[PDB]
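*Asks:* Dropping the structure in here first, questions after.
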Amino acid sequence: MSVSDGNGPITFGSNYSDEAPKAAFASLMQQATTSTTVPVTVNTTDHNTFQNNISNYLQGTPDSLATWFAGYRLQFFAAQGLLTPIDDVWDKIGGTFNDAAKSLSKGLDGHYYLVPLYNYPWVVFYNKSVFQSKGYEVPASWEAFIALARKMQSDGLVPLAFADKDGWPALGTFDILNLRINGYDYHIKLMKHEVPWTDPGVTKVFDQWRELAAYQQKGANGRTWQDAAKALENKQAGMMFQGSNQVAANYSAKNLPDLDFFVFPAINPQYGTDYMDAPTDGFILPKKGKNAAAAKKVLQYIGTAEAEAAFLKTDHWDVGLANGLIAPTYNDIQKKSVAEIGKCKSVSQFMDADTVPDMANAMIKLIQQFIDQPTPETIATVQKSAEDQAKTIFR
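Numbering (the authors' numbering), first residue to last: 10 to 404.
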């Protein structure tokens, strides 16, 4: 019952199926085993299968602990009574994390269910040498952002490299516009379908996008994000908004040193740059798992700067949530990720994790339809179709 009293074996359901993260996690649990004296067994499942089978897994005979991530499904499991609360764990580790890390680790009931490990930012990337050479400043506001994009056009540059052939990349622009214009609470209400897609707030997002789109690369729907990132890297575009493990991962080693980012500019004083999509992975304690007390002891080991640094040794883009932690292995993009993500009041989890997976998929074509023809007429059509499909998806 006391974390202190938890002993004996635990199992650990893991979706770390790819070679490198598999190896990193195995090493981490061997270190946790040695330190806590709780012998940890890792049961690995194909990444996609694990998340597809999650509800059945949790209701069956799940492991003592499981890999999961913040957002919609985490909250649903908590309300279902499928997860053990870990307020006791957070009595020990709470001092290591900020308010936003705490919020994403909680259920709607205010109890903790998750111990987070890392995340990465969705931000606006750029080349330092270009900003230096051409006399650009980082824009902190919408007015400054639009003035900069117009200056980039006067200099012959595409302001924002932009691509959506892959479907998901443009969901981030919807997210960031919603977070900047309407706020985090509003965004989450919409993701959970507490607010309908026909809501005026959604209209506001697409109207702002109509202005944004004048500065976004043409023909985005036929462009892979790698090609857009290549345009930024070749200095054909001034900026590109996307996740760090995409844009920065795509750079050659020769060009990476030139890469930097800023957060999406503030639109409102009300919401400033308070919010960001920073998809966060962590660990949960399944109610039906065995040996909870020993599992809590292992979670306490996991909720440390030490555990984060050890797991991320070979990870180039993700960063730990421990408040202000700069691991000795971080590169410059990771250091700035730690600084900016840490400033956030809340971090959303990207659309595909803040809403249900079926809804984020539905949104892919509808956003593509907007990008092909960003008019008031298509906005109305997109809002109606989105609401139509939500009504059948949400139940």
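Note that beta-carbon positions come from the ideal geometry of N, C-alpha and C, so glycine has one too.
Counting only runs that start and end within the stretch 165 to 235, where is the beta strand (DSSP E) found for 3 or more residues in a row?
*Replies:* If we require 3 residues or more, the beta strand (DSSP E) runs fully inside the stretch 165 to 235 come out as 167 to 170.
*Asks:* Less than 9 Å separating the beta-carbons of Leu166 and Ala223?
*Replies:* Against a cut-off of 9 Å, the Cβ pair of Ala223 and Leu166 comes out as no contact.
*Asks:* Tell me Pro295's beta-bridge partners as DSSP assigns them.
*Replies:* According to DSSP, which records beta bridges pairwise, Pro295 is partnered with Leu92.
*Asks:* Residue ranges of each alpha helix (DSSP H) run of no fewer than 4 residues wholly in the stretch 89 to 152, ordered along the chain?
*Replies:* Here the runs fully enclosed are 96 to 102, 108 to 113 and 137 to 143.
*Asks:* Rounded to whole angstroms, how far is the Cβ of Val133 from the Cβ of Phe271, which I believe are closer than 8 Å?
*Replies:* Going by Cβ atoms, the distance from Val133 to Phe271 rounds to 5 Å, so yes, they are a contact pair.
*Asks:* In the DSSP assignment, the alpha helix (DSSP H) including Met10 goes from what residue to what residue?
*Replies:* No alpha helix (DSSP H) holds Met10; DSSP gives it neither H nor E.
*Asks:* Need the endpoints of the beta strand (DSSP E) that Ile19 sits in, please.
*Replies:* From DSSP, the beta strand (DSSP E) with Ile19 extends over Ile19 to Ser23.
*Asks:* Would you call the CB atoms of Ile311 and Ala41 closer than 9 Å?
*Replies:* Contact flag set, yes.
*Asks:* With 16 other CB atoms within 10 Å as the buried threshold, where does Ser142 fall?
*Replies:* With fewer than 16 Cβ atoms within 10 Å of its Cβ, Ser142 is classed as exposed.
*Asks:* Between the C-alpha atoms of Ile63 and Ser114, what's the straight-line distance to the nearest angstrom?
*Replies:* Their backbone Cα atoms lie some 18 Å apart in a straight line.
*Asks:* Looking at C-beta atoms only, is the number of pairs between the stretch 374 to 382 and the stretch 344 to 355 that lie closer than 8 Å three or more?
*Replies:* No: the two stretches stay apart, fewer than three of their Cβ pairs being nearer than 8 Å.
*Asks:* Does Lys160 come within less than 9 Å of chain C when only Cβ atoms are used?
*Replies:* Absent from the structure is chain C; it holds one protein chain and no more.
*Asks:* What separation, rounded to the nearest whole angstrom, lies between the Cα atoms of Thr105 and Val124?
*Replies:* About 11 Å.
*Asks:* Flag this pair as touching only if the stretch 160 to 176 and the stretch 221 to 240 have three or more C-beta atom pairs under 8 Å; answer yes or no.
*Replies:* The stretch 160 to 176 is in contact with the stretch 221 to 240.
*Asks:* Excluding the 5 residues preceding and the 5 following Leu157 in the sequence, name in chain order all residues of the same chain whose CB lies nearer than 7 Å to its CB.
*Replies:* Excluding residues within five positions, the ones whose Cβ falls inside 7 Å are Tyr145 and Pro148.
*Asks:* Consult DSSP for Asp283 and reduce its assignment to one of helix, strand or coil.
*Replies:* Coil.
*Asks:* I need the DSSP call for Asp397, collapsed to helix, strand or coil.
*Replies:* It is helical.
*Asks:* Identify the continuous beta strand (DSSP E) that holds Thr50 and give its terminal residues.
*Replies:* Its beta strand (DSSP E) spans residues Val49 to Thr53.
*Asks:* If I measure Cβ to Cβ from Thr45 and keep anything under 7 Å in the same chain, skipping five residues before and after, which residues do I get?
*Replies:* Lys306, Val307 and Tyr310, listed in sequence order.
*Asks:* Spatial neighbours of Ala331 within its chain, please: C-beta separation below 8 Å, excluding the five flanking residues on both sides.
*Replies:* Excluding residues within five positions, the ones whose Cβ falls inside 8 Å are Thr105, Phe106, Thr313, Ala314 and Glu317.
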